[PDB]
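Before any questions on how it binds or moves, here is one chain, the form deposited in one PDB entry, in structure tokens.
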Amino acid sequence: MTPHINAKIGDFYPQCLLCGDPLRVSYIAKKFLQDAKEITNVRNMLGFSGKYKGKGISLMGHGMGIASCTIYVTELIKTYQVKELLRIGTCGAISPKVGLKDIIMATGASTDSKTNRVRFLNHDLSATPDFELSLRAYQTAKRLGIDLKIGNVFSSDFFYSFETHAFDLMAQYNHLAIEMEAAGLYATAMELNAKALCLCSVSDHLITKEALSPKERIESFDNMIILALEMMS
């Protein structure tokens, strides 16, 4: 029991997929899992447990931004004993080497947040995923024929911004897209000794100005979902 999660200890399997959108979490539960059970629903933030190809797997929403994400994965790990967390989110492309609905594997998450300086003695924490998990994503993607765009993302506290050249500067330093949680996920998992990785599909393209719709941000990423399930098997 926590303020933000309804479940009981033991309702989460040691492996969990995460999205910011609890309706994408719910879409995965209905369409892709076998006998999925809704295990938590505080604040409308749904989580599920189910089976994929016989293997037990949980799903959990984490809301938008580092602060929200940190609340949920801190609770998932410390209270519910989750050991592997795989975010499958959305992001805004800043590279011309990626298009709408490309899947990005974030091997580092830069940030404009202060959370990691607060965690880490006002130094620069290099927020990174678990290496075996990213190895696992790479092999599963190749064994499935899924093209994976690999690089850094920029985890921002902001979605709306008048910046322009800051995006060029991020792209110049090999950042493929902008999202809002990976750096918090990575740092919390480092703190609490869990294995984490973040994949994100391109829902917005800041160069071409393309943007998916709310429901397309649920429905348009099934290869991302399949990759995540296949590697958690």
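We call the rigid core the largest set of C-alpha positions that still match within 1.5 Å between the two forms. Numbering starts at 1 and follows the sequence shown.
Note that the form deposited in another entry isn't included here; everything after this is about it.
K.L.:
Superposing on the rigid core, do we see a C-alpha displacement of 2 Å or more at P214 between this form and the one not shown?
P.N.:
Yes, shifts by 2 Å or more.
K.L.:
For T164, is the CA shift between this form and the one not shown at least 2 Å following rigid-core superposition?
P.N.:
After core superposition, the C-alpha of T164 moves 2 Å or more between this form and the one not shown.
K.L.:
Where do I218 and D157 end up in the other entry, Cα atoms closer or farther than shown, with a change of 3 Å or more?
P.N.:
It is farther: in the other entry, the C-alpha atoms of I218 and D157 lie at least 3 Å more apart than they do here.
K.L.:
Between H123 and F162, does the Cα distance in the other entry come out closer or farther than in this form, changing by 3 Å or more?
P.N.:
Residues converge in the other entry, at least 3 Å closer.
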